[PDB]
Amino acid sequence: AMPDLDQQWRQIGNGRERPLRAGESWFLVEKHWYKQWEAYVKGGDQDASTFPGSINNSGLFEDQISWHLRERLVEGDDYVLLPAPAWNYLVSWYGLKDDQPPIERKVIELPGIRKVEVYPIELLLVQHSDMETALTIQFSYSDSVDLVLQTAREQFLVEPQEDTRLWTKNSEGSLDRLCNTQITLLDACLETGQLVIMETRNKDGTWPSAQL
């Protein structure tokens, strides 16, 4: 059920010409594989040995255990971006190499710019009153601190009637309370992997971090 080489070229190429819309998923394709696919498709022969095989993004991964992206990857040199539908077509036709996961990234909106966020921020969220339980959660730099707060609340099974707030160590460094929840993680100047401690208000109205 695989289309003509002509159709593949046109359908995938036209895919690349898709305008960025907030919340839409795009996918990374390793440059080498894409060039081989391109060679195959432009060859004009469906039975040619230039058949690219399963989509192989091995060169894009740091390690094949957590499947993190290598740092400092550049669009056009290391990878090509395809929209979700174009990606789905490509996958249906050629499949994924071995146990490789798809590299899905979201289109985000920053003040003045819309872009596919290839490197989202990872935060280490911990409850102040349950420090054994640390969750690594992935956010967007465009996301608000308040969004981090609710996500933490639901990940830590926190009830809705309770007040929570965030503490964090910047690289200055100092431990501060994130009192302005209406700002982006970018305005908050957060590094990926940064520890963020969520605290729940006690019944008496006091905070566990302020018992003195």
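Counting begins at 1, following the sequence as shown.
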Highest mean C-alpha temperature factor of the two stretches 21-29 and 199-207, which is it? 199-207
Residue stretch of maximal mean CA temperature factor, 183-191 vs 33-41: 183-191
Go through 54, 49, 57, 171 one by one and give the residue whose Cα B-factor in the PDB entry is largest. 171
Out of 112, 95, 101, 83, which shows the largest CA B-factor listed in the entry? 112
What third of the chain does residue 166 rank in for C-alpha temperature factor, lowest, middle or highest? lowest
